[PDB]
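Input: a single structure, listed below in structure tokens.
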Amino acid sequence: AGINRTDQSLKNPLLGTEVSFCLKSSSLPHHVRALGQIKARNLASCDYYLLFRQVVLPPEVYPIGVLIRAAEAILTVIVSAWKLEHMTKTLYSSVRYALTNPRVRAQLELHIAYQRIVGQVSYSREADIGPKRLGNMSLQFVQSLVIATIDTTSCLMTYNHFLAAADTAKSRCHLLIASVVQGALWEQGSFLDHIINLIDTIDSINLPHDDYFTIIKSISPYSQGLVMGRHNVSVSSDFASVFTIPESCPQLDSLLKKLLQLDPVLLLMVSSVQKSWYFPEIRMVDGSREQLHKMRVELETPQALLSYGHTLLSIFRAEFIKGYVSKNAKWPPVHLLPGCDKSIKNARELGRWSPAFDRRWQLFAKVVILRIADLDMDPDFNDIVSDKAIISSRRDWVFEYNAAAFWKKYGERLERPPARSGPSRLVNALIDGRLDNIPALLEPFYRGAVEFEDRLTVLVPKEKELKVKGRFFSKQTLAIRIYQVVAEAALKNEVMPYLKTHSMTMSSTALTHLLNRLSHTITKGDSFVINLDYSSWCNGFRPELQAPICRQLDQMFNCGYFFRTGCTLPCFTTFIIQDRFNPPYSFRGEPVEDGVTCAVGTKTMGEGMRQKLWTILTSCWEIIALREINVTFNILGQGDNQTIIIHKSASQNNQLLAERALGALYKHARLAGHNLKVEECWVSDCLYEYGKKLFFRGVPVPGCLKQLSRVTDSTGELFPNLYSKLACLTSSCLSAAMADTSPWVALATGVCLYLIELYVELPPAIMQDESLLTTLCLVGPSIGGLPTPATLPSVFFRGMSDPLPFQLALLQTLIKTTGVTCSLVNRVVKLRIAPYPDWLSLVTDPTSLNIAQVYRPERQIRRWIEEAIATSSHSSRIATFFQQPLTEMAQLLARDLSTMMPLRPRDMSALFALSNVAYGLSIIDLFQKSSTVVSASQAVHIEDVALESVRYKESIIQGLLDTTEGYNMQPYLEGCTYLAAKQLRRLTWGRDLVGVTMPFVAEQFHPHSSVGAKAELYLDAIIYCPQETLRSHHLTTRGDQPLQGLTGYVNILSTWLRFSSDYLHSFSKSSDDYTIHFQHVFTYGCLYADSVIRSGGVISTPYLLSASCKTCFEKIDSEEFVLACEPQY
Amino acid sequence: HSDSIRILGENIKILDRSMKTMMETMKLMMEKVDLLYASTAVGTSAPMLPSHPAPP
Amino acid sequence: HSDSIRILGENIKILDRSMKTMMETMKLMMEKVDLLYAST
Amino acid sequence: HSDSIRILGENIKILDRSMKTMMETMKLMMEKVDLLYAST
Amino acid sequence: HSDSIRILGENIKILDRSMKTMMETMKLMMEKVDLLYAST
Ligand SMILES: [Zn+2]
């Protein structure tokens, strides 16, 4: 048959309308079969976690000791390669204690069990796969439906329920590994016991489904409430009193208060996890009716919204003129209506902003701002074709509902046309050339009458959220997304940089200064933070509130009735909700209103639409409310979550300011139809949040657990394969290490995760060889191997670097330390040098090598789905990029720019970037790397992606078990690695390259003890002087010495150390003369200090980084480059 | 040649002031009639009718 | 060429007078627009 | 410079014609919007 | 001088376009209030 049960991870919401349709005698053939296998006790699909939580496996069913010894070997090689060798006795012991404890080990084996069954059952032409035993459970897989059984109890499920159970087990495996590796590296002891207690406590809650996810949703606000209640010193808060955890689950309550008693920081890290547990089944009828009711509710009167919208327009006008005077030193083109004040006239003619205007914004109701700029109606289509699912037209509504269910429910056929009858995505509309004339399509929005084919919106629930009634996002048609792109681009470009409250957020230096002043300020009794959360932010805005500011934007951008069509658009848009087997009724080809499944006409559109307007609108009433009570305020704003910084007044205690500020904000929130609740806002001076990072006493809270416990999308934009899974794991380790997670924890987690991700797919012949597993984790994508979290230098260092010296350093350390010969390295690397130089690969990546990478999958969308272009359509502008080869023109310009005799790949990659060629390759890259094209083009041509998966799996297994060697790399793996990378680049490319070779720091610089350093080593070194003796708690508290800038993990330790460049005897500080990148060297010295402190040692004397490789210091000159041949571009 | 050129120019400037003053009032009338028609259109199948005439 | 200036002047004064009377009828339109939006 | 002044006077005259048609349109609008109050 | 005539000529030309936009806009509002009479 066709492909079935395609997804390998949870991407869709968990709905149960199909199970209800199946259990009420459907006439579909697979429903009869699925109804047959159910037992006498059939549980509801909502209690699937009660049935999946009873799985127990026999102990030690999978032999994984080879993985343990291999992981110790890999980490010993890396720690020996950095020449930071106090770390390994903490590191391999941490990995061994992680994988030897049985409670962690059982969750590993359970992870491999679900991963193997997902590997077997997905993408199968077999409709019904027979009984598959997972421990003590039997599974029958009848198309989408899943039948589980233990003894006599059963549960009819969909396949997303099984994927949610698999992802829950995967998340717990990540959490149990990361907890051990993180807790090995504090002064504070291990905390695995509390994590196991939390697992048993949450698994011991025998409560109904809604109440259980009420407890699950509320764990992190309650823990934050306990921390805020115990650790507030000036303002008093009562946030913990709302929640029902002490009166429903006392066992969770005692655990959270004992973790609060031991460590405040630990409670936030443990309580931040919210996707390591099971996921709710969304009650579609009740949540749907509440959603369609929340789009039609009128909390305030129509006239009061219009009056307060005029009041918000006044302060918008005030901030725009303030920003224009602050930047361009003159007033904008404005019109003064009769009755204007004399101060406004005198300040307009003099071109000056007085301090007294900001407190009097009622005067700015007669100043009409004229045409500032014009509207760029043709936008960038980088963001047009990405991240959104888009319906073609109105008549595609019949394709989201089953015909048989509609036949039984309403008694007549759907009469759906069998063809797709529209573009599946935006680029499919680009093939047909609808988007060649963007103003001709935005013209019905401009006049004011949008077409009948564009007034439909489908509401899709959002996956992996903890709300039992669900959250919903808008799926719109073609024109309204282009409208949103033009509107948001216009506001972000011209409107927002003038407004100061937004301009401080969109500027890096001002935001850094504000967050740096906050951390020093809050601990010394000055300033406090007020947080507001809007539960109905996107559904609360109304047409009366937006229309004054929308009209003023129409006048400023000289676009007639353009921002004012979006407010009146919800009152004419048909709203249907996407859940098949519950279809809306159709009368004449159009949906019919019944209040639950269809709605003809709301008063708001949905979540994420018109965002930049509502952000300005949200800021306006807060500026009004806090200026009316005379407090110094700074507003940092991220959508529905607003955090407000309020400083001290000298007369009044801060509790009084908190009461008056909450009163003013609650007063001015009510007038816009957005009622804040007293049970969802806290005022604190110790705890705050900005940019998904929580801050306690001015120090960031470690977020290793949440980032590593997150399950990524996996096998990105392709058919399932090993390469993309390891690439997703490597990207997840790098993205976790970006946001202040320690590089050792991410590295030691990722080694074990990489090994288990191999063990799921690779046959038992490979995985019982220790030396092969040690080498295969140390090859990397640089020299033709697999993606690897170990081989990246971007983990330890922020900036981009040259990967080849690091790779040769690891592979050189492997031969000298571990008992591995060079024959196995030549077996796993398989270096196949191409006789033809491919300069295009060099300018797409300046450090790449002319090698053969056989593990990278075929793209198949690149320029190879071109068959639809020649048949479906005739004239379009995207076909100009597709039908002609820009690869041949790129190769031509590559041979043109290869003639530069002092060849610089960085300069070449610049000149392609400044040209039309690599720009067009970037456009073609945007079409292949986009959402809604991959899934839709994957759903068409169904069998090829599964057949390619089987072919690639057989190919990678036969390649990995092959023992044929490649190029002999013994001279490239001896001596210095800097010259080795140069000679290897000469071997692949044929010509020498100067400028892209960055020598690796531990190769370049050798840490030495201060008492035991040799004099020739002491002569050329960088001295790192501590001001006092440094111990474990110095990594938390910032020191007296100033921060340079480094990486953020050693920033606190950098404030206790003084470093200076004292190698001037050999090299006089090398400003633009030699190959020393100072940020890497100072970061490496601070990493030496960190490795000494965290391994049980102390630092008392100034330590030194001494030069070790003489050849690693080679000149960069004032070298002129001459491009010899004439350009044929 | 003072009175002709610059007093007639001042008259056209006063005319332009008065026209923008009228344009603001017509814009407020447009807001009220559009939001009233939009509130009428909720729950029915009333057509969308245009407000601004045509692009130049 | 003061004569054609006078000829255009006799009409350009009537332009401002017409603008004032259209402002008058715009406010008289605005009153019944507002009354309408007040009560429905 | 008489031709520019003459075509200027023609522009002022057609602007006066435009304001006369605008005034007639506003009177027709008021006759239309009187039906609001017997309607409700 | 010709150029000082040209400036005020452009200044008197643009308002004739503005009048036509206001007239057609207010006729569209006439159609809207006609549907409002039809509804009530
Ligand atoms: Zn070296």
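Taking a quarter of the surface of the convex hull around the Cα atoms of region A:206-332, what do you get in nm²?
On the way: hull surface 58.1 nm².
The orientation-averaged projected area of the Cα hull of region A:206-332 comes to 14.5 nm².
Based on the mean of other Cβ atoms within 10 Å per residue, sort peptides A:783-794, A:1032-1043 so the most packed one is first.
On the way: A:783-794: 21.5, A:1032-1043: 13.3.
The peptides rank, most packed first, as A:783-794, A:1032-1043.
Place the peptides A:559-569, A:972-982, A:39-49, A:502-512 in order of packing, highest mean first, counting for every residue the other Cβ atoms within 10 Å and averaging per peptide. Intermediate results must be reported in sequence, preceding the final value.
On the way: A:559-569: 23.6, A:972-982: 20.2, A:39-49: 17.1, A:502-512: 13.8.
My ranking of the peptides, most packed first, is A:559-569, A:972-982, A:39-49, A:502-512.
Across every pair of different alpha-carbon atoms, what Kirkwood hydrodynamic radius in Å does region A:777-989 reach? All intermediate terms of the calculation are to be shown ahead of the outcome.
Working: mean 1/r = 0.0501 Å⁻¹.
Hydrodynamic radius (Kirkwood, Cα only) of region A:777-989 equals 20.0 Å.
Based on the Cβ-Cβ distance from E:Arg6 to A:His513, what FRET efficiency comes out when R0 is 51 Å, to the nearest 0.05?
Working: r = 52 Å, r/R0 = 1.02.
Plugging the Cβ-Cβ distance into 1/(1 + (r/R0)^6) gives 0.45.
Taking every eigenvalue of the Cα gyration tensor of region A:39-149, multiplying by 5 and rooting it, what semi-axes result, largest first, whole Å? Please list the in-between numbers first.
On the way: eigenvalues 311, 53, 25 Å².
The answer is 39, 16, 11 Å, longest axis first.
Taking Cα atoms, how many degrees apart are the long axis of helix B:8-41 and the longest axis of chain B, rounded to 10 and kept between 0 and 90?
0 degrees
Using only the Cα atoms of the protein assembly as shown, what semi-axes does the equivalent ellipsoid have when each is the square root of 5 times a gyration tensor eigenvalue? Give whole Å, largest first. Show your work: numbers first, answer last.
On the way: eigenvalues 677, 328, 243 Å².
For the protein assembly as shown, the semi-axes come out at 58, 41, 35 Å.
Which number comes out as Rg/Rh for region B:1-41 once both Rg and the Kirkwood Rh are worked out on C-alpha atoms?
Values: Rg = 17.9 Å, Rh = 12.5 Å.
Radius of gyration relative to Kirkwood radius: 1.43.
When you count, for each residue, the other Cβ atoms within 10 Å and take the mean per peptide, how do B:44-53, A:992-1001 rank with the highest first? Mind showing how you got there, number by number?
On the way: B:44-53: 17.5, A:992-1001: 20.2.
Averaged packing, sorted descending, gives the order A:992-1001, B:44-53.
Ranked by Cβ crowding within 10 angstrom, fewest neighbours first, how are E:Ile5, A:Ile1023, A:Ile1116 ordered?
Values: E:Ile5 15, A:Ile1023 18, A:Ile1116 12.
Ordered from fewest to most neighbouring Cβ atoms within 10 Å, E:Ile5, A:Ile1023, A:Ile1116 come out as A:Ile1116, E:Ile5, A:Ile1023.
Take the Cα gyration tensor of chain E, multiply each eigenvalue by 5, square-root it, and list the three semi-axes largest first, rounded to whole angstrom. Before the final figure, lay out the partial values.
Numbers: eigenvalues 313, 4, 3 Å².
Value: 40, 4, 4 Å, ordered largest first.
Can you put A:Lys1110, A:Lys929 in order of Cβ neighbours within 10 angstrom, beginning with the fewest?
Details: A:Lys1110 9, A:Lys929 15.
Fewest to most other Cβ atoms nearby, the residues stand as A:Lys1110, A:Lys929.
I'd like the projected area of region A:203-272, averaged over all directions, using the convex hull of its alpha carbons. Report it in nm² with one decimal. Show your work: numbers first, answer last.
Numbers: hull surface 19.2 nm².
Seen from a random direction, the Cα hull of region A:203-272 projects 4.8 nm² on average.
Looking at the P(r) of region A:371-435, how many percent of alpha-carbon pairs lie beyond 16 Å? Provide the component values of the computation, followed by the final result.
Values: 1297 of 2080 pairs.
Tail of the P(r) past 16 Å holds 62 percent of the pairs.
Distance from the Cα centre of region A:882-946 to that of region A:194-247, in angstrom?
51 Å
How do A:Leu299, A:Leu662 line up, fewest other C-beta atoms within 10 Å first? Walk me through the intermediate numbers first.
Values: A:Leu299 13, A:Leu662 17.
Ordered from fewest to most neighbouring Cβ atoms within 10 Å, A:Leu299, A:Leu662 come out as A:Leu299, A:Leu662.
Quick one: if the Förster radius is 60 Å, what FRET efficiency do A:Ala868 and A:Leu50 give, using the C-beta to C-beta distance and rounding to 0.05? Before the final figure, lay out the partial values.
Numbers: r = 47 Å, r/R0 = 0.79.
After rounding, the FRET efficiency stands at 0.80.
What value, in deg cm²/dmol to 500, does the helix sum -39500 (n - 2.57) over DSSP H runs of n ≥ 4 give at 222 nm once divided by the residues of chain A?
-13500 deg cm²/dmol
Can you list the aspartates and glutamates whose alpha carbon sits under 16 Å from that of B:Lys20, skipping same-chain ones fewer than 8 residues off?
Reachable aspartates and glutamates: A:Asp554, B:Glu10, C:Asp16, C:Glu24, E:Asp16.
For region A:387-451 and region A:79-118, what is the centre-to-centre distance using only Cα atoms, to the nearest Å?
Cα centroid to Cα centroid, the span is 50 Å.
In peptide C:19-27, how many Cβ atoms from other protein chains are near each Cβ within 10 Å, on average? Intermediate results must be reported in sequence, preceding the final value.
Numbers: counts 9, 1, 2, 9, 5, 0, 6, 6, 1.
That average works out to 4.
What FRET efficiency would be calculated for the residue pair A:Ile833, A:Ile1116, taking the C-beta separation as r and a Förster radius of 22 Å, to the nearest 0.05?
Numbers: r = 27 Å, r/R0 = 1.24.
In this case the efficiency is close to 0.20.
Would you mind computing Rg(Cα) / (2.2 N^0.38 Å) for region A:319-444, counting N as its residues? Intermediate values should be presented prior to the final figure.
Values: Rg = 26.6 Å, N = 126, 2.2 N^0.38 = 13.8 Å.
Compared with the compact-globule rule of thumb, region A:319-444 sits at 1.92.
In the structure displayed, which of A:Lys24/A:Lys603; A:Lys342/E:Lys32; B:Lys27/C:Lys20 lie more than 30 Å apart, Cα to Cα?
Values: A:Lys24/A:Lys603 37 Å; A:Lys342/E:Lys32 40 Å; B:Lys27/C:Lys20 18 Å.
Check vs 30 Å cut-off fails for A:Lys24/A:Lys603; A:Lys342/E:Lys32.
What is the distance in Å between the Cα centres of region A:752-766 and region A:1032-1107?
After rounding, the separation between the Cα centres reads 39 Å.
Filter A:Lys469/B:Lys32; A:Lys667/E:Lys27; A:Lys217/A:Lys725; A:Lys462/A:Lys725; A:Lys327/A:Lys462 down to the pairs with a C-alpha to C-alpha distance above 32 Å, please. Mind dumping the intermediate values first?
Numbers: A:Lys469/B:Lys32 37 Å; A:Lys667/E:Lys27 41 Å; A:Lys217/A:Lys725 30 Å; A:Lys462/A:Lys725 24 Å; A:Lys327/A:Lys462 42 Å.
Violating the 32 Å limit, Cα to Cα: A:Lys469/B:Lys32; A:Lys667/E:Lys27; A:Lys327/A:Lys462.
How large is the translational diffusion coefficient of region A:397-476 in µm² per second when you combine the Kirkwood radius over alpha carbon pairs with Stokes-Einstein at 25 °C and 0.890 mPa s?
Values: Rh = 16.2 Å.
This corresponds to a translational diffusion coefficient of 152 µm²/s.
Counting only other chains, what is the mean number of Cβ atoms within 10 angstrom of the Cβ of each residue in peptide C:4-12?
6
Toward the positive end of the charge dipole of region A:777-989, about the Cα centre and with charges on Cβ (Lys, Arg +1; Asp, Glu -1), which of A:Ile833, A:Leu926, A:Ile957 goes farthest?
Checking the options against the dipole of region A:777-989, the answer is A:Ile833.
For a bin width of 5 Å, list the pair-distance distribution of region A:1001-1107 built from all Cα-Cα distances, rounded to whole %.
In order of increasing distance, the bins hold 2, 12, 24, 26, 19, 11, 5, 1 percent.
Under the definition of partner shielding as Cβ atoms of other protein chains within 10 Å of a residue Cβ, what is the mean value for peptide A:541-548? Please list the in-between numbers first.
On the way: counts 0, 2, 6, 5, 0, 1, 7, 3.
The mean count of partner-chain Cβ atoms within 10 Å per residue comes to 3.
With the crude spin-label approximation of a point 7 Å out along Cα→Cβ, what separation in nm comes out for A:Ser731 versus A:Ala404?
Between A:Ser731 and A:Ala404, the label points sit 3.8 nm apart.
With ideal geometry, Cβ positions are generated from the backbone for all residues, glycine too; neighbour counts draw on all protein chains shown. Laboratory data are not the source of any read-out in this text; all were calculated from the coordinates shown.
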